[PDB]
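Worksheet: one structure, shown below.
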Amino acid sequence: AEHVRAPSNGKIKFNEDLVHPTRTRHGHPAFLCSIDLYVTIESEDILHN
Amino acid sequence: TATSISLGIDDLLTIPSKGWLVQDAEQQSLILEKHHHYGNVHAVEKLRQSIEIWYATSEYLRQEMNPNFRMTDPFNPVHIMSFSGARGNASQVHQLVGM
Amino acid sequence: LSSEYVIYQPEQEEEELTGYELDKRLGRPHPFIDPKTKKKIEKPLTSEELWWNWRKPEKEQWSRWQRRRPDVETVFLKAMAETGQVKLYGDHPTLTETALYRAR
Amino acid sequence: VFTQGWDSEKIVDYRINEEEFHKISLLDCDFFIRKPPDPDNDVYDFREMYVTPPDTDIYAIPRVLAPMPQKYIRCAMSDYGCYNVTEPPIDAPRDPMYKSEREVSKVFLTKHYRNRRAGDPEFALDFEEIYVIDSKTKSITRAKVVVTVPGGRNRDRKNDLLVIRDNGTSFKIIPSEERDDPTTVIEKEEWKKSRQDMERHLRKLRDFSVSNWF
Amino acid sequence: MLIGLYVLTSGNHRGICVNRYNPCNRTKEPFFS
């Protein structure tokens, strides 16, 4: 229901070791998190998690 | 009577970013429809994605409508009529100015 | 004799030497992001490397939203950028500039 | 009787006569500083101080975080808070529609110049010695004043203006000629907050970092 | 009636929308008794 959106333009950096491979209902490739993770958005000036 | 509020054609304002959301939504819909013909996805998935990639897009627009009005054009006649509770509802306003 | 709780600073002067900070404090036309500070992001994954969903098509597709929507704000921004009333980043006003002009 | 004890925050195992103290009521606390006899009751003595919850008899030693005066000093009190108007429920034919409370949070004690009386023909105030009384931390400290005015000590202390900002934490002494009218500072703060909010709203658009703020 | 009351009690702009430059560099209506 709730869709997390990107705060600003940049690169998404996260550690792929804690996330396990999956297949979305919509058929796209994806990653499932069973634990808390912190993604970083390398933007021009600031970051976001 | 002294203020004489009125609603116009140009007075109806759309969220700055609509051409981007609709464009990326239709681009994703095209990519899906291509792949469907190649066998990478099945119809149920196509059916589902279509409904969702559209519902999410629309809601971003509706939720974003109020901030735009309060931040950019505070005294917009449609915003005055909606926020005051006189006439209209958020749902009605969305249909007029969003999607 | 003066304790630490009392500080004497006669004729204290604080100003911004660089032009960007001065224009930001006063409110004059200035870019949102400091070009000095701006640093290029390292190359991201190429289109080929992305999963299919995110890959960009090789041929530029058609759309009814490819053309920008004409508004009064763009015309007024161009008219006031001429004659030197405001300064815009580039020759064409962008959407954020129009949204800001809608307020001011 | 003059009595001083350890700095531990607990009861003193007795009660004090409040007639010989100053009762400065706060939001969640109340302080008692001893008052020597005087024509005008403004002489304090920071050697004995007690803290107590509002309307209680459980006295205790407060938290002292600054060197306190060990001599009779003449000061003036000034409260620092914000009114809290609430809408109470109406269950009566003439129930009050609103309720007003002062809700003081800090109390400033400004020592007079040379311990002079208010009736003196040449009266002044010493802003370099100000003692704040916090109500949330039960602490009484000193004010880190920043004296920025040409003249030094030779300048007469009759043209001064203490400006307090940042929730009673910033003190600056400036001459009364370069003061700011209330509308000026109101507009300054409103403009700063509005610009911060506007930059936040716009930061979430893709056309950022290529735009200009006109 | 609600529209009239809202226009009455709405006020006006207060920050960047009423002043162009920062007021830190430089009077209102007279004090009405």
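By convention in this document, the chains of the structure tokens carry letters A, B, ... by their order, each chain's residues are numbered from 1, and ligands are numbered from 1 in the order they are shown.
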For this session: Mind checking which residues fall within 8 Å of residue 21 in chain E, counting only C-alpha atoms, ignoring those fewer than 6 positions away in the same chain, and posting them as a PyMOL selection string?
Result: chain C and resi 26-28
Exercise. Near range 37-41 of chain A, within 10 Å and counting only C-alpha atoms, which residues show up once chain neighbours fewer than 5 positions away are dropped, as a list in words?
Worked result: residues 6, 7, 8, 9, 10, 11, 12, 13, 14, 15, 16, 18, 19, 46, 47, 48 and 49 of chain A
Sorted per-residue table, chain D near chain A, closest atoms and distance, 9 Å, only C-alpha atoms, as CSV:
```
residue,atom,partner,partner_atom,distance
D:203,CA,A:8,CA,7.5
D:204,CA,A:7,CA,6.0
D:205,CA,A:8,CA,7.5
D:206,CA,A:9,CA,7.0
D:208,CA,A:8,CA,8.9
D:209,CA,A:44,CA,8.0
```
Exercise. Quick one: which residues from chain D are at most 10 Å off chain B, using only C-alpha atoms, as a VMD selection string?
Worked result: chain D and resid 194 197 to 198 201 to 202 205 to 207
Can you write out the residues you just picked, keeping C-alpha atoms, as a PDB file, in the first residue's frame?
```pdb
ATOM      1  CA  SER D 194       9.590  30.616   4.963  1.00  0.00           C
ATOM      2  CA  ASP D 197      10.291  25.657   4.063  1.00  0.00           C
ATOM      3  CA  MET D 198      10.243  26.709   0.399  1.00  0.00           C
ATOM      4  CA  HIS D 201       9.313  21.747  -0.809  1.00  0.00           C
ATOM      5  CA  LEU D 202      11.152  22.337  -3.998  1.00  0.00           C
ATOM      6  CA  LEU D 205      11.585  17.960  -7.795  1.00  0.00           C
ATOM      7  CA  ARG D 206      13.749  16.530 -10.565  1.00  0.00           C
ATOM      8  CA  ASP D 207      14.473  19.990 -12.021  1.00  0.00           C
TER       9      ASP D 207
END
```
Problem set entry | Near-range 18-25 of chain C list (10 Å; only C-alpha atoms; drop same-chain fewer than 6 positions) as a PyMOL selection string | (chain C and resi 31-36) or (chain D and resi 192+213) or (chain E and resi 21-22+24)
Selection export as an mmCIF file, in the first residue's frame, atoms kept: N, CA and C atoms:
```
data_model
loop_
_atom_site.group_PDB
_atom_site.id
_atom_site.type_symbol
_atom_site.label_atom_id
_atom_site.label_comp_id
_atom_site.auth_asym_id
_atom_site.auth_seq_id
_atom_site.Cartn_x
_atom_site.Cartn_y
_atom_site.Cartn_z
ATOM 1 N N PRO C 31 22.121 30.357 -7.762
ATOM 2 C CA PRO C 31 21.748 28.953 -7.956
ATOM 3 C C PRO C 31 21.483 28.259 -6.630
ATOM 4 N N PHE C 32 20.636 27.228 -6.685
ATOM 5 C CA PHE C 32 20.289 26.496 -5.472
ATOM 6 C C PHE C 32 21.474 25.694 -4.947
ATOM 7 N N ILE C 33 22.247 25.086 -5.841
ATOM 8 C CA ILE C 33 23.395 24.266 -5.474
ATOM 9 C C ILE C 33 24.663 25.023 -5.842
ATOM 10 N N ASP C 34 25.577 25.135 -4.887
ATOM 11 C CA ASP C 34 26.825 25.857 -5.103
ATOM 12 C C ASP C 34 27.678 25.125 -6.131
ATOM 13 N N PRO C 35 28.039 25.758 -7.251
ATOM 14 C CA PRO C 35 28.891 25.071 -8.237
ATOM 15 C C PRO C 35 30.263 24.703 -7.704
ATOM 16 N N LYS C 36 30.707 25.391 -6.668
ATOM 17 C CA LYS C 36 31.978 25.058 -6.075
ATOM 18 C C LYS C 36 31.786 23.717 -5.441
ATOM 19 N N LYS D 192 13.185 33.898 7.181
ATOM 20 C CA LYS D 192 14.108 32.770 7.254
ATOM 21 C C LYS D 192 13.354 31.444 7.266
ATOM 22 N N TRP D 213 17.176 30.726 -7.707
ATOM 23 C CA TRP D 213 16.255 31.290 -6.725
ATOM 24 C C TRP D 213 16.214 32.800 -6.929
ATOM 25 N N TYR E 21 13.746 40.696 -0.583
ATOM 26 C CA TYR E 21 15.058 40.484 0.003
ATOM 27 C C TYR E 21 14.946 40.297 1.512
ATOM 28 N N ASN E 22 16.038 39.835 2.108
ATOM 29 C CA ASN E 22 16.051 39.559 3.538
ATOM 30 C C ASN E 22 15.924 40.861 4.320
ATOM 31 N N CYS E 24 17.022 41.703 6.976
ATOM 32 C CA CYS E 24 18.153 41.941 7.865
ATOM 33 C C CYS E 24 18.942 43.193 7.499
#
```
Exercise. What are the residues of chain E that have an atom within 9 Å of an atom of chain C, counting only C-alpha atoms, as a ChimeraX atom specification?
Worked result: /E:16-25
Take the residues just selected and output them with N, CA, C and O atoms as a PDB file, in the first residue's frame.
```
ATOM      1  N   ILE E  16       8.668  34.971   2.523  1.00  0.00           N
ATOM      2  CA  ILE E  16       9.268  35.324   1.243  1.00  0.00           C
ATOM      3  C   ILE E  16       8.239  35.858   0.257  1.00  0.00           C
ATOM      4  O   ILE E  16       8.611  36.470  -0.750  1.00  0.00           O
ATOM      5  N   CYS E  17       6.949  35.642   0.517  1.00  0.00           N
ATOM      6  CA  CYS E  17       5.912  36.081  -0.405  1.00  0.00           C
ATOM      7  C   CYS E  17       5.510  37.534  -0.196  1.00  0.00           C
ATOM      8  O   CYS E  17       4.811  38.095  -1.047  1.00  0.00           O
ATOM      9  N   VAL E  18       5.928  38.156   0.907  1.00  0.00           N
ATOM     10  CA  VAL E  18       5.622  39.554   1.159  1.00  0.00           C
ATOM     11  C   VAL E  18       6.849  40.452   1.032  1.00  0.00           C
ATOM     12  O   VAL E  18       6.706  41.629   0.684  1.00  0.00           O
ATOM     13  N   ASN E  19       8.048  39.932   1.285  1.00  0.00           N
ATOM     14  CA  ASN E  19       9.289  40.673   1.107  1.00  0.00           C
ATOM     15  C   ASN E  19      10.174  39.941   0.110  1.00  0.00           C
ATOM     16  O   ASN E  19      10.255  38.708   0.127  1.00  0.00           O
ATOM     17  N   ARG E  20      10.841  40.703  -0.757  1.00  0.00           N
ATOM     18  CA  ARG E  20      11.703  40.091  -1.762  1.00  0.00           C
ATOM     19  C   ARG E  20      13.063  39.725  -1.176  1.00  0.00           C
ATOM     20  O   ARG E  20      13.496  38.571  -1.259  1.00  0.00           O
ATOM     21  N   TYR E  21      13.746  40.696  -0.583  1.00  0.00           N
ATOM     22  CA  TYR E  21      15.058  40.484   0.003  1.00  0.00           C
ATOM     23  C   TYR E  21      14.946  40.297   1.512  1.00  0.00           C
ATOM     24  O   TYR E  21      13.907  40.554   2.124  1.00  0.00           O
ATOM     25  N   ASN E  22      16.038  39.835   2.108  1.00  0.00           N
ATOM     26  CA  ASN E  22      16.051  39.559   3.538  1.00  0.00           C
ATOM     27  C   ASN E  22      15.924  40.861   4.320  1.00  0.00           C
ATOM     28  O   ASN E  22      16.696  41.798   4.086  1.00  0.00           O
ATOM     29  N   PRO E  23      14.967  40.965   5.248  1.00  0.00           N
ATOM     30  CA  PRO E  23      14.808  42.206   6.022  1.00  0.00           C
ATOM     31  C   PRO E  23      15.957  42.506   6.972  1.00  0.00           C
ATOM     32  O   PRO E  23      15.872  43.483   7.724  1.00  0.00           O
ATOM     33  N   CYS E  24      17.022  41.703   6.976  1.00  0.00           N
ATOM     34  CA  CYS E  24      18.153  41.941   7.865  1.00  0.00           C
ATOM     35  C   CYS E  24      18.942  43.193   7.499  1.00  0.00           C
ATOM     36  O   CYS E  24      19.805  43.609   8.279  1.00  0.00           O
ATOM     37  N   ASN E  25      18.666  43.806   6.347  1.00  0.00           N
ATOM     38  CA  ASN E  25      19.404  44.982   5.908  1.00  0.00           C
ATOM     39  C   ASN E  25      18.718  46.295   6.256  1.00  0.00           C
ATOM     40  O   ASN E  25      19.405  47.313   6.400  1.00  0.00           O
TER      41      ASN E  25
END
```
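Set the cut-off at 10 Å, count only C-alpha atoms, and the residues of chain B near chain A turn out to be residues 32, 40, 41, 42, 43, 44, 45, 46, 47, 48, 49, 50, 52, 53, 55, 56 and 60 of chain B.
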Exercise. Could you pull out the strand (DSSP E or B) residues of chain A from DSSP and send them as a VMD selection string?
Worked result: chain A and resid 11 to 13 20 to 23 29 to 32 40 to 42
Problem set entry | Residue hits in chain C, query chain A, radius 10 Å, only C-alpha atoms, as a PyMOL selection string | chain C and resi 33-34+37-45+51-54
